[PDB]
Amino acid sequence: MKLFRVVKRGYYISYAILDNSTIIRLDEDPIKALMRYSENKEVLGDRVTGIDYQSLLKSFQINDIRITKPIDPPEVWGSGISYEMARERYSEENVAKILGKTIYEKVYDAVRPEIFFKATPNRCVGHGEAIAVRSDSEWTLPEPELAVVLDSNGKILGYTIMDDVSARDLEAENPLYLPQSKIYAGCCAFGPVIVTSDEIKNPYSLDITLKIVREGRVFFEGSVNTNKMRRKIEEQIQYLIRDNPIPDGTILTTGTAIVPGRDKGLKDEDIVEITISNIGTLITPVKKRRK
C-alpha cells in the first residue's frame, strides 16, 4: 500500500494506491489507517476511478485537488552521521573538536548516536510545495534521507523520502547553532507517498538520488545506496524513545550521505528532486526568505 493525501477546497482527502494500480479512498485518518495495516493489513474504504495519481506526481494540481503532505506528523526527529565518510562534515581547520578528534567523528564511533528534534507539522511541507532558505543563511543544503513513520512503541509503520533542509553555514560557525540551522518555516519536506512496511523487502538496499535544478540546468547530481549506512535504524529508534514518549505518526529521518560542496548552496527558484527506490520522487521548489 502506497499512501497519499490531497487538499480539496479547504479539506483533506487521503488515498491509497495498491500494486495493481487500483486506488482506494480512505475512511479513517491516515495515521490511524497505517496503524491498522501494520496489525492485519486491512484497509477501510472504496475503490475510486478518475483519480489520476501519475498526473498528481507531475502536475500537482489537477482540477480540484492538490497533492500535499501524506500525513500530519505530530513530531519530526532527525538522526545524524549514520553513514560512511559522513564524519568529514566540514573538514576545515577547525570545527568543534574534543581531545583532537572532531565532534562528528566522535559520534560516528560512540555507542550513543546523534538524535535531534527537527520539526513540528506546520514547519513541514509536501510534494510540490516550497522549501525555504533562511534570510540569514549564505549556504543552505538539502539532505536527501530515508525516513520512517513510527507509532508510540517505536514500531515502523512505513517509509518515505525526507528532505532535512540544513543551513550548513550556521552549523559550521558553531555547533550550538544547529537548532537554528535545522528548525524553521519550510525546513522540512516529505512524500510524495508513505509506503507500507511490506512494500520494501530490504530498507538497506535502496537508491537515494539528489538533483538540484537551476533554470533547467542540473546544478548538482549525486546518489548513494542505503547499504552504506552503518548505524542501523532499529538502534536510532531505540535511543529516540528512551525516556522520551513519541506520539503516533512520528517521523524519524535516518541521516544523509549525499553532501554537495561549498559552492553548491541553494538559492531562490531552485528545484530539489529526491528519488528513493520503490517510493518515488519528491520535488520541491525553493524560496529564499526576505530579511
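Counting begins at 1, following the sequence as shown.
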query	finding
At least a third of the other entries leave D163 unmodelled	no
Missing-residue flag, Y90, threshold a third of other entries	yes
Stretch with the greater mean C-alpha B-factor as recorded in the entry, comparing 65-73 against 52-60	52-60
Greater mean Cα temperature factor according to the PDB record, 110-118 or 82-90	82-90
Candidate residues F190, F220, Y177, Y159, the one whose C-alpha B factor the record puts highest	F220
Among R123, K201, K182, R134 - the residue whose C-alpha B-factor is largest in the record	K201
Where the record places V95 (Cα B-factor, split into thirds across the chain)	highest
Chain third (lowest, middle, highest) by recorded CA B-factor, residue given as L252	lowest
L150, C-alpha B-factor rank within chain (lowest, middle or highest third)	lowest
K2 CA temperature factor, ranked by third within the chain	middle
CA B-factor placement of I212, once the chain's modelled residues are sorted into thirds	highest
